[PDB]
Amino acid sequence: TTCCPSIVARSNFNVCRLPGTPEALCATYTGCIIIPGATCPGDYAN
């Protein structure tokens, strides 16, 4: 899971992901954490 800290950062993450490709670059570019865990930390849950 693509765990983002704010709703804005997740929406920005989804704009990064409009081409439908660079999930890891969407992480670095929007300060989100892609974690092997099936769900998101309390502080990274959008």
# chains A, B, ... in the order shown; residues from 1 in each chain; ligands from 1

call {"tool": "residues_around", "arguments": {"residues": "residue 38 of chain A", "least_positions_apart": "5", "cutoff": "12 Å", "atoms": "only C-alpha atoms", "output": "PyMOL selection string"}}
result
chain A and resi 1-3+45

call {"tool": "residues_around", "arguments": {"residues": "residue 31 of chain A", "least_positions_apart": "5", "cutoff": "10 Å", "atoms": "only C-alpha atoms", "output": "list in words"}}
result
residues 3, 4, 5, 6, 9, 10, 12, 13, 25 and 26 of chain A

call {"tool": "residues_around", "arguments": {"residues": "residue 24 of chain A", "least_positions_apart": "5", "cutoff": "10 Å", "atoms": "only C-alpha atoms", "output": "number ranges by chain"}}
result
A: 2, 17, 29-30, 32-34

call {"tool": "select_by_dssp", "arguments": {"residues": "chain A", "states": "strand (DSSP E)", "output": "NGL selection string"}}
result
:A and (2-3 or 33-34)

call {"tool": "write_last_selection", "arguments": {"atoms": "N, CA and C atoms", "output": "mmCIF file, in the first residue's frame"}}
result
data_model
loop_
_atom_site.group_PDB
_atom_site.id
_atom_site.type_symbol
_atom_site.label_atom_id
_atom_site.label_comp_id
_atom_site.auth_asym_id
_atom_site.auth_seq_id
_atom_site.Cartn_x
_atom_site.Cartn_y
_atom_site.Cartn_z
ATOM 1 N N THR A 2 0.070 2.219 -0.807
ATOM 2 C CA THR A 2 0.569 3.583 -1.152
ATOM 3 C C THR A 2 0.039 4.612 -0.167
ATOM 4 N N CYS A 3 0.671 4.557 0.972
ATOM 5 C CA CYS A 3 0.264 5.290 2.168
ATOM 6 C C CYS A 3 0.792 6.754 2.145
ATOM 7 N N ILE A 33 4.619 6.856 1.309
ATOM 8 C CA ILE A 33 5.366 5.632 1.610
ATOM 9 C C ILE A 33 4.645 4.361 1.069
ATOM 10 N N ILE A 34 5.256 3.667 0.106
ATOM 11 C CA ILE A 34 4.710 2.414 -0.410
ATOM 12 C C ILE A 34 5.199 1.244 0.500
#

call {"tool": "select_by_dssp", "arguments": {"residues": "chain A", "states": "alpha helix (DSSP H)", "output": "short mmCIF file (atom, residue, chain, number, x, y, z; two decimals) with N, CA, C and O atoms, in the first residue's frame"}}
result
data_model
loop_
_atom_site.label_atom_id
_atom_site.label_comp_id
_atom_site.auth_asym_id
_atom_site.auth_seq_id
_atom_site.Cartn_x
_atom_site.Cartn_y
_atom_site.Cartn_z
N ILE A 7 -4.63 14.11 2.59
CA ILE A 7 -5.62 13.90 1.50
C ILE A 7 -5.14 14.62 0.23
O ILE A 7 -5.31 14.11 -0.88
N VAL A 8 -4.46 15.75 0.43
CA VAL A 8 -3.90 16.59 -0.64
C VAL A 8 -2.72 15.78 -1.21
O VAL A 8 -2.59 15.68 -2.43
N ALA A 9 -1.89 15.18 -0.34
CA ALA A 9 -0.73 14.44 -0.84
C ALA A 9 -1.12 13.18 -1.63
O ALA A 9 -0.57 12.94 -2.69
N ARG A 10 -2.21 12.54 -1.20
CA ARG A 10 -2.82 11.40 -1.92
C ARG A 10 -3.44 11.87 -3.26
O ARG A 10 -3.13 11.29 -4.29
N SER A 11 -4.17 12.99 -3.25
CA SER A 11 -4.71 13.55 -4.52
C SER A 11 -3.62 13.98 -5.50
O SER A 11 -3.63 13.57 -6.67
N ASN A 12 -2.55 14.57 -4.97
CA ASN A 12 -1.29 14.86 -5.72
C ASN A 12 -0.59 13.57 -6.20
O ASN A 12 -0.30 13.45 -7.38
N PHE A 13 -0.57 12.54 -5.35
CA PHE A 13 -0.12 11.17 -5.66
C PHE A 13 -0.95 10.61 -6.85
O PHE A 13 -0.36 10.21 -7.86
N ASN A 14 -2.27 10.78 -6.81
CA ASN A 14 -3.19 10.35 -7.90
C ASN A 14 -2.97 11.21 -9.19
O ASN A 14 -3.07 10.64 -10.28
N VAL A 15 -2.63 12.50 -9.08
CA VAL A 15 -2.27 13.35 -10.28
C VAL A 15 -0.92 12.81 -10.82
O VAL A 15 -0.89 12.48 -12.01
N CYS A 16 0.11 12.56 -9.97
CA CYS A 16 1.35 11.86 -10.39
C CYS A 16 1.04 10.54 -11.14
O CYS A 16 1.77 10.11 -12.04
N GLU A 23 4.46 4.50 -9.72
CA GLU A 23 3.99 4.44 -8.32
C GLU A 23 5.11 4.87 -7.33
O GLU A 23 4.88 5.68 -6.42
N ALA A 24 6.32 4.37 -7.55
CA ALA A 24 7.51 4.70 -6.68
C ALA A 24 7.98 6.14 -6.81
O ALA A 24 8.37 6.76 -5.82
N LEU A 25 7.87 6.67 -8.02
CA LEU A 25 8.17 8.11 -8.26
C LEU A 25 7.09 9.02 -7.68
O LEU A 25 7.41 9.91 -6.91
N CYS A 26 5.83 8.62 -7.83
CA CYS A 26 4.69 9.23 -7.05
C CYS A 26 4.98 9.21 -5.54
O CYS A 26 4.89 10.29 -4.95
N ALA A 27 5.53 8.12 -4.98
CA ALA A 27 6.05 8.18 -3.56
C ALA A 27 7.05 9.22 -3.19
O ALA A 27 6.81 10.03 -2.30
N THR A 28 8.13 9.25 -3.96
CA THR A 28 9.24 10.23 -3.72
C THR A 28 8.73 11.66 -3.98
O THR A 28 8.97 12.55 -3.16
N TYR A 29 8.03 11.88 -5.09
CA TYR A 29 7.55 13.23 -5.56
C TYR A 29 6.48 13.83 -4.63
O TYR A 29 6.43 15.05 -4.51
N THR A 30 5.68 13.00 -3.96
CA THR A 30 4.59 13.49 -3.07
C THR A 30 4.73 13.15 -1.58
O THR A 30 3.79 13.38 -0.80
#
